[PDB]
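# Whatever this is, show me its structure:
(chains A and B)
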Amino acid sequence: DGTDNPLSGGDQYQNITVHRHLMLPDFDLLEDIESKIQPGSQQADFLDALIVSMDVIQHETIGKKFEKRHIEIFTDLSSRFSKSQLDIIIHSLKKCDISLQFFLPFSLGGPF
Amino acid sequence: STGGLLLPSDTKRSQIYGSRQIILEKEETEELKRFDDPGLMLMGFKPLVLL
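Numbers count the residues shown, from 1 in each chain, chains lettered A, B, ... in the order given. Provided below are the atomic coordinates:
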């Protein structure tokens, strides 16, 4: 609905909310995802969320080294993307040597 | 806390994950691992080259 992002400048980085930081998961987050069926009918972007995720990964990897840093994506991809920077994020991900995995809804291409 | 003598129904089962305890009955644990009556259910056939 809104945008409580750690970084959000101008029009870009909108309809995105970094809900949690990197620490021990408990029943708090399990409840939080258990009771967040809300739509929040404002679809803006998906790549910006991943860029913010990797940036905050680099931001909060202080005092706690991580051997494998992982990000997963779940997006219908029905909204218009952004081409503000693509090669820059590719280079930043290679220098960060993190291997993302992309997941997608039932849309790959009887009673399913 | 009184010594004495406890009895099967005087006790529960628990697990303390992270900073929270979870409490169940003996029958609750014995039941959550229930899926089927004994016996095999045929799930079709497969070649002896795939296993």
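# The residue of chain B found nearest chain A - how many residues pack around it?
Nearest to chain A, among the residues of chain B, is residue B:18, at 4.8 Å (C-beta to the nearest C-beta). Placement of C-beta: from N, CA and C, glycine included. By other C-beta atoms under 10 Å in any protein chain shown, 10 other residues sit near residue B:18.
# what's the closest non-adjacent residue to it?
Spatial nearest neighbour of residue B:18, chain neighbours left out: residue A:26 (4.8 Å); criterion: C-beta to C-beta, 6 or more residues apart in numbering or on different chains.
# so what's the residue of chain A found nearest chain B up against?
With C-beta to the nearest C-beta, the shortest gap between chain A and chain B falls at residue A:26, namely 4.8 Å. Taking C-beta atoms under 8 Å, 6 or more residues apart in numbering or on different chains, we find residue A:26 in contact with B:18, B:19, B:20.
# what about residue A:21, which SS state?
coil (DSSP: H, G, I helix; E, B strand; the rest coil).
# Could you check how far it is from residue B:17?
21 Å (C-beta to C-beta, to the nearest Å).
# Could you do residue A:57 as well?
For residue A:57, the distance to residue B:17 equals 26 Å [C-beta to C-beta].
# which of the two has more neighbours?
Comparing residue A:57 with residue B:17 by other C-beta under 10 Å, the one with more neighbours is residue A:57, at 16 against 9.
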